[PDB]
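The chain below stands alone and is given in structure tokens; this is the form deposited in one PDB entry.
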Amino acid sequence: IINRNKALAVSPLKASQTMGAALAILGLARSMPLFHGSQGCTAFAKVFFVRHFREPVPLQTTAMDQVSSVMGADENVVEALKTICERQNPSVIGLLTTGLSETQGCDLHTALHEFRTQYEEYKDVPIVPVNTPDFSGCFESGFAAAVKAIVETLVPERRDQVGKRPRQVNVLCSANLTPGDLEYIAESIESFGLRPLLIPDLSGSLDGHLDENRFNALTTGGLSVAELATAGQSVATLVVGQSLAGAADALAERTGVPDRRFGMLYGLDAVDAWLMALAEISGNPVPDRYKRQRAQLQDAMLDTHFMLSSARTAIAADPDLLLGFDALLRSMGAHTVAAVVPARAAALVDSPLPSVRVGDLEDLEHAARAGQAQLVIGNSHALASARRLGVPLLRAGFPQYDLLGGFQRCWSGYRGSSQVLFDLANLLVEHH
């Protein structure tokens, strides 16, 4: 079952819904997220992200004043939308509520209808509206909620049933898919002769990706609204990561495209089933390449089974990554001795773990110490916890400011999986 407690959060595991919802919009092409809140909220989110991807990130501010006690911010939200529209002219804009602006209710839809009246500004510049108070949920749920909003704001409706034509496969990506996960997911699909429409697509937006001296609004983007429009028709939609069920539901009601969803793409079973669902969707067989990698992974399991069989691990990660790493490890005989999550989140039954905690890194250190973690999986914030146990760190997750390569690592698939076994094997071996 899931345990919680109170009352002071010590070295928090958790980041805001309203940031996680911001990198979803960040995976649309030529887009611009806008926090409806005071400026520090964004100036913090911005730092967080640039230090991660080590590349610029567009993010603006409603700029709520001390007078956010008086006029809700009607004026602020509106002038923000008009300003950006006329200044960089987005393909899409993200309208996100903070803890501050939500403290009223903050007339979201309305301020947007207050910026759906005046409007010498074209219009035809879509706007995604999301409700994401710092004070509830978390990064991952935040993210999954701006995918619900993205789906619903962009094209789902009119067409249906008869909108299911090509061989285009929709992929609903969750938050803890890196560009390198997303590339695997797309190349994997394309290799079956399908064609992926990734929703959304951080592969497009976040690496070193441009040739202009200046790129203002993310132009190096993922999803074109243009092409998102066409998600209506498409053979099937694949759902990657349970955090996205509510978005697979929104996506699925408005079109008729049938989902085949689930796990983080880690381990034999996880990728086996990914490839199968793909072979089925397209009739043709699993390419010789992934036939080989499965064999390579199996061998990596034979060679690392000595070191990982019965390893105590402690994981401090979003629910998806937790379940994804738990599965992977359990295919090796590894015990996850301590799992700490940021917030309740679905993935009830807990998965097969007797229990998991919501309570962040202070909790991790002590839970880890309790059952004798040999190894801790987590983000850059975990170094300190790890270093304060006498124990190795393998970072994953979404603050990693201390690692050059990290924002981009492909965790997924057969090689991804096998490389993760190499890494735990190597950490465990040298600290012994």
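Rigid core (definition): largest C-alpha set, two forms, superposition within 1.5 Å. Shifts are known only where both forms have a C-alpha. Residue numbers run from 1 along the displayed sequence.
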item	value
Selected stretch [higher average CA B-factor]: 394-402 or 53-61	53-61
245-253 versus 329-337 - greater average Cα B-factor per the deposited record	245-253
Criterion, highest CA B-factor; candidates, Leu95, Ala270, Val78, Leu361	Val78
Top Cα B factor in the deposited entry, candidates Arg357, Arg292, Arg261, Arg116	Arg116
Relative C-alpha B-factor of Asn5, binned into the chain's lowest, middle or highest third	highest
Third of chain Cα B-factors occupied by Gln374	lowest
Third of chain Cα B-factors occupied by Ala386	lowest
For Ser69, the third of its chain into which the C-alpha B factor falls	highest
Third assignment of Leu297 from its chain's C-alpha B-factors	lowest
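What comes next is about the form deposited in another entry, which is not displayed.
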| property | result |
| --- | --- |
| Of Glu114, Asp160, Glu227, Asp259, the one whose Cα moves 2 Å or more between the shown form and the other one after core superposition | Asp160 |
| Threshold 2 Å Cα movement between the shown form and the other one at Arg289, rigid core reference | no |
| Per-residue C-alpha change between the shown form and the other one, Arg357, threshold 2 Å, rigid core fit | no |
| CA of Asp299, rigid core aligned, shift of 2 Å or more between the shown form and the other one | no |
| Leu8 and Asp350, C-alpha gap in the other entry relative to this structure (3 Å or more) | farther |
| CA-CA separation of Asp350 and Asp363, closer or farther in the other entry than in the form shown [shift of 3 angstroms or more] | farther |
| After core alignment, residue runs (3 or more) whose Cα moves 2 Å or more between the shown form and the other one | 1-4, 68-71, 120-122, 158-166, 207-219, 348-350 |
